[PDB]
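In what follows, a single structure is set out as structure tokens and then discussed.
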Amino acid sequence: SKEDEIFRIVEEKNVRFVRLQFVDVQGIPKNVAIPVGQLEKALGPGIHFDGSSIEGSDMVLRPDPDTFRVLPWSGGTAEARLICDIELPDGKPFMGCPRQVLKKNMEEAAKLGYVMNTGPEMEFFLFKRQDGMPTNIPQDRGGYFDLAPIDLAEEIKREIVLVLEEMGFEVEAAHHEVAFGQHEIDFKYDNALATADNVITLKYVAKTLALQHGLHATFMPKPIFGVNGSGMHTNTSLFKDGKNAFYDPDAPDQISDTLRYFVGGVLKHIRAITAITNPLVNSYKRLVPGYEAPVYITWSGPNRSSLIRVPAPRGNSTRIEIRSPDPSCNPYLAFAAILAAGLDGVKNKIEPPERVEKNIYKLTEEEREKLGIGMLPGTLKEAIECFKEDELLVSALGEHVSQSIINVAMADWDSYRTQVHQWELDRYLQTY
Amino acid sequence: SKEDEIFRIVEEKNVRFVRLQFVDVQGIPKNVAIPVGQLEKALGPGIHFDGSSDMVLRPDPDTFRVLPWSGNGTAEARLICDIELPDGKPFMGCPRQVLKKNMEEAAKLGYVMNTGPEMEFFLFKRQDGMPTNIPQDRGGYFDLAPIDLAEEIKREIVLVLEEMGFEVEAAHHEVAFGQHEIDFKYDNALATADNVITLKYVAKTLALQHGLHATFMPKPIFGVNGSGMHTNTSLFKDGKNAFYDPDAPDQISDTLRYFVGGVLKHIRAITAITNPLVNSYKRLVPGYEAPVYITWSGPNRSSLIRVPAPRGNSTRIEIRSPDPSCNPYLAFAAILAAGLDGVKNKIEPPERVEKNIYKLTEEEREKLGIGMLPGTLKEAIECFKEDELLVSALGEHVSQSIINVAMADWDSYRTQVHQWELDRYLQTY
Ligand SMILES: Nc1ncnc2c1ncn2[C@@H]1O[C@H](COP(=O)(O)OP(=O)(O)OP(=O)(O)O)[C@@H](O)[C@H]1O
Ligand SMILES: Nc1ncnc2c1ncn2[C@@H]1O[C@H](COP(=O)(O)OP(=O)(O)OP(=O)(O)O)[C@@H](O)[C@H]1O
Ligand SMILES: [Mg+2]
Ligand SMILES: [Mg+2]
């Protein structure tokens, strides 16, 4: 069994502590450190803990044996991790657990022979530290696809990719992004659950290795005004009966009906999905015209950088690139929301709007309402109100998770709206 | 095959990452870092990337080199890539593809151009992690240590290059403080351009390791010598040097005169490519080793084009106008196209101005028909725009991007209020 293989790795690597890793509703990693003597108890009846932390009472941690990994930073004593699912004391799964929510939505898709594969493009910033505290000052003075010595973070990015490969992770490519100190690490495509586990691991690894070098890695959507913001472009494809359900060689543009319907479904609920995929108040400072980030609700081919883009590759690589999410979203909930909205498009038979190949930003406002082009929410409150009314996403994510998202977002918005920012003093104090 | 040899070097040296290297229209190196697991995919169907839309990187197997500075023992490697459209057609906007096209067109007439550049550069100090224009040493022409403090770093630069199949001739301290020169042997225009990009990357990387900043800027300091890229050039027809004619006067063939005549006819336009920055025209001023007047002569006078004394296989012309901030792929392509038009149409060059030129008065220079190189970047771009031969040789895509980038820089520079103006007028007016 897998448990026997875990204990073999324990004695070989001299693992003394195990971290029972899990995630709250906001995508923040949480854990319980246990000595290796308690590992047999963790894999058997499980470890008890207070679960008010998930919301961000008594519950149990159920480690997934497939996620056992030794943390490649040695302490002679090594450490290991285990991604755990949350269960209630009786044995039933906790429907407030984000990982359980994605698992449920994937099981509902598997009922119709569908499996969703996701391949995200993870953008992030590497900032300097001042007096032990993190800052928003770029550590390098680099640009798009730049090379060293312009890109000063080549050693740390090299370490991130190596540390990930040591944890059964396959990376496609990494490069410097448009903004100063911005970087991108694109992963290979995998099932929504393995990808979401991998997304959490990347954020943890990048932030840990950045600290080791006196730096701070952040996946914040818009840490600096006037420069490009970090996005999480999600390459998505559906696979029915082993074949790519988005490929039809006889149809026009070799795109199947299931693609156009899936696109139609996700665009129907995209205002509501934005509350999950763009959950911070800062996420809406990224959804501003002038940068790679999509703002208008449109879909097109590769030539135009729209919200949903259908790349040229065909065959087994047929896919859609949803470019609205940012890397601060909870990946378990982001993929669950996209899967539920996209499957409603396939099931309820929803035709998507006409593809817009013209440059949207170059068009005038007068032409956009003629074609029925909408806008993504401008504020967090505006997306939360749209999410509140979308009963499909509320039922797909569960009432417990949906309520927790609304409560956390409203608490942040009510605090942000009352604040007096420096911009207001700079604009009005001297004159008025 | 070469792919099998690459994978043998991978397991031998323990390469874990490879750099898919390429250059933009301005000669700046760009890359995509991939783990060694994706190397089979890169050498096969290629790696996709956003050029802005989407494109594919096609690595040149002959350019696979292990970076001598070891990784965390995880070795690292690099591959110079050609850009290509998704369907399979080479991208006409790629600078390396432009030189390759101009090379094939020369090869159809049995011609192969060999280039040997003299790379001048500066080594400056760093203040608070930012680069400065303060020389690291207070050395002069051909000076020796301890006057030349960069003797250890230059020795490391040459060593690192030799480890990557690089053959160099000599290195020395130049006229200005903290200025140096590294001259390497002659090779075909493509290998030389690849080597020029590698030289800049290696020097800047090694300088940062020592807390210094290497720069190939044409004129980083006012009042001192500027960095130049003197390009030794020669054509080879059917294995032999097309510039050597033992029966002709001065042992120089008609092909040399016609090639010189062609490059001097389009030299105003070539200046926009070989001297592409606004700062490049602060180097093209009298008083330093940089040529200003459009003339050609023997080794006695320092002119735009100089015919050195060596004959035989070493017969060549030294084009001294370029600076090391130019895109080498486009600089050599522009030289080859203008030079081949001279050969093809038999354009005679002007008389060799052996008389010392800077000392002559403007009135005489006007009588002899001696012209001048463009004084500003805008002036060179206007001349480049009208040169139909060069626009067609570099392609409309590349020519348009050069004009856009240069105009955007010029329009920003011309509106700026520099400190010189405040120092000259604020107190009095
Ligand atoms: N079917 C798919 N579903 C989701 N994402 C995909 C899919 N195919 C490709 N991608 C994403 O696109 C990126 C690269 O696209 P590409 O055109 O190379 O297809 P590919 O499947 O990655 O090719 P290969 O199988 O050789 O790796 C990958 O990083 C991956 O995340
Ligand atoms: N035929 C040629 N074409 C272009 N450049 C040349 C040629 N011959 C020499 N050069 C360049 O001129 C410089 C000085 O050449 P030199 O007088 O030493 O003759 P050389 O021995 O043939 O040089 P090299 O050893 O580099 O071939 C060298 O750096 C070289 O790159
Ligand atoms: Mg993208
Ligand atoms: Mg010289």
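Structure data summary
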read-out	value
The lone exception for A:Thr277 - which of (1) touching a helix residue (DSSP H, G or I) at 6+ places or on another chain (Cβ under 8 Å); (2) within 14 Å of chain B (Cβ to nearest Cβ) it fails	(2)
The stretch A:143-170: number of residues that are closer than 22 Å to A:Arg81 by Cα, more than 8 Å from chain B (Cβ to nearest Cβ) and in a loop (DSSP other than H, G, I, E, B)	4
Qualifying residues in the stretch B:205-263 (those that are within 14 Å of chain A (Cβ to nearest Cβ) and assigned to a loop (DSSP other than H, G, I, E, B)) - the one surrounded by the fewest Cβ atoms within 10 Å (Cβ to Cβ)	B:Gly211
Where B:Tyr141 falls short, out of the listed (1) over 30 Å from B:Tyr258 (Cα atoms); (2) hydroxyl-bearing (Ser, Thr, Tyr); (3) within 16 Å of the chain's Cα centre (by Cα)	(3)
Check on A:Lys92, within 28 Å of A:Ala245 (Cβ to Cβ) and either over 16 Å from the mean Cα position of the chain (by Cα) or crowded, with 24+ Cβ neighbours inside 10 Å (or both)	no
Residue count, the stretch A:105-124 (criterion: more than 11 Å from chain B (Cβ to nearest Cβ) and within 19 Å of A:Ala179 (Cβ to Cβ))	4
Every residue from the stretch B:100-120 that is away from ligand 2 (no atom under 16 Å from the Cβ) and not in a loop (DSSP other than H, G, I, E, B)	B:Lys100, B:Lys101, B:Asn102, B:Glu104, B:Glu105, B:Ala107, B:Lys108
B:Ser280 vs. criteria more than 16 Å from ligand 4 (Cβ to nearest atom), within 20 Å of the chain's Cα centre (by Cα) and closer than 19 Å to B:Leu99 by Cα	no
Close pairs (7 angstrom Cβ cut-off, 6 or more residues apart or separate chains): among the charged types (D, E, K, R) in the stretch B:217-237, more than 16 Å from ligand 1 (Cβ to nearest atom) anywhere	B:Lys219/B:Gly226; B:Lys219/B:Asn279; B:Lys219/B:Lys282; B:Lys219/B:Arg283; B:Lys237/B:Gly110; B:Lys237/B:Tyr111
Residue in the stretch A:350-368 that is within 14 Å of A:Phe262 (Cα to Cα), away from ligand 4 (no atom under 16 Å from the Cβ) and either in contact with a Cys (Cβ under 8 Å, 6 or more places away or on another chain) or within 14 Å of chain B (Cβ to nearest Cβ) (or both) present	no
Conditions (1) in contact with a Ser or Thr (Cβ under 7 Å, 6 or more places away or on another chain); (2) among the polar types (S, T, N, Q); (3) within 11 Å of chain B (Cβ to nearest Cβ): number failed by A:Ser317	(1)
Which listed residue, of B:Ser280, B:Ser302, B:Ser325, is small (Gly, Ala, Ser), closer than 23 Å to B:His266 by Cβ and within 16 Å of ligand 2 (Cβ to nearest atom)	B:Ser302
Count of the stretch B:3-21 residues which are within 10 Å of chain A (Cβ to nearest Cβ) and part of a helix (DSSP H, G or I)	0
Positions within the stretch B:45-74 being within 11 Å of chain A (Cβ to nearest Cβ) and assigned to a strand (DSSP E or B), in sequence order	B:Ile47, B:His48, B:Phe49, B:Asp50, B:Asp54, B:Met55, B:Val56, B:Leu57
Filter pass, A:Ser324 being within 14 Å of chain B (Cβ to nearest Cβ), closer than 30 Å to B:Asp87 by Cβ and surrounded by 15 or more Cβ atoms within 10 Å (Cβ to Cβ)	no
Cβ pairs under 9 Å, 6+ apart, first in the stretch A:343-354 and surrounded by fewer than 20 Cβ atoms within 10 Å (Cβ to Cβ), second among the aliphatic types (A, V, I, L, M) and part of a loop (DSSP other than H, G, I, E, B)	A:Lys347/A:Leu112; A:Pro353/A:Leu371; A:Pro353/A:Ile373; A:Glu354/A:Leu371
Hits in the stretch A:369-390 - residues which are more than 30 Å from A:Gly113 (Cα to Cα), assigned to a loop (DSSP other than H, G, I, E, B) and out of contact with any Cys (no Cβ under 8 Å at 6 or more places or on another chain)	A:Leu371, A:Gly372, A:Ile373, A:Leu376, A:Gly378, A:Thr379
Residue that is surrounded by the fewest Cβ atoms within 10 Å (Cβ to Cβ), among those in the stretch B:22-44 that are in a strand (DSSP E or B) and more than 7 Å from chain A (Cβ to nearest Cβ)	B:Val23
Any hit, the stretch B:394-405, residues being touching an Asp or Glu at 6+ places or on another chain (Cβ under 7 Å) and either in a loop (DSSP other than H, G, I, E, B) or farther than 16 Å from B:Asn275 by Cβ (or both)	no
Those residues of the stretch A:125-142 which are surrounded by fewer than 17 Cβ atoms within 10 Å (Cβ to Cβ), in a loop (DSSP other than H, G, I, E, B) and either more than 9 Å from every other protein chain (Cβ to nearest Cβ) or among the β-branched types (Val, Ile, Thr) (or both), in sequence order	A:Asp131, A:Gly132
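Read-outs: derived from the displayed coordinates by stated rules, not from any lab. Every residue, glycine among them, receives a Cβ derived from its backbone with ideal geometry; neighbour counts consider all protein chains shown.
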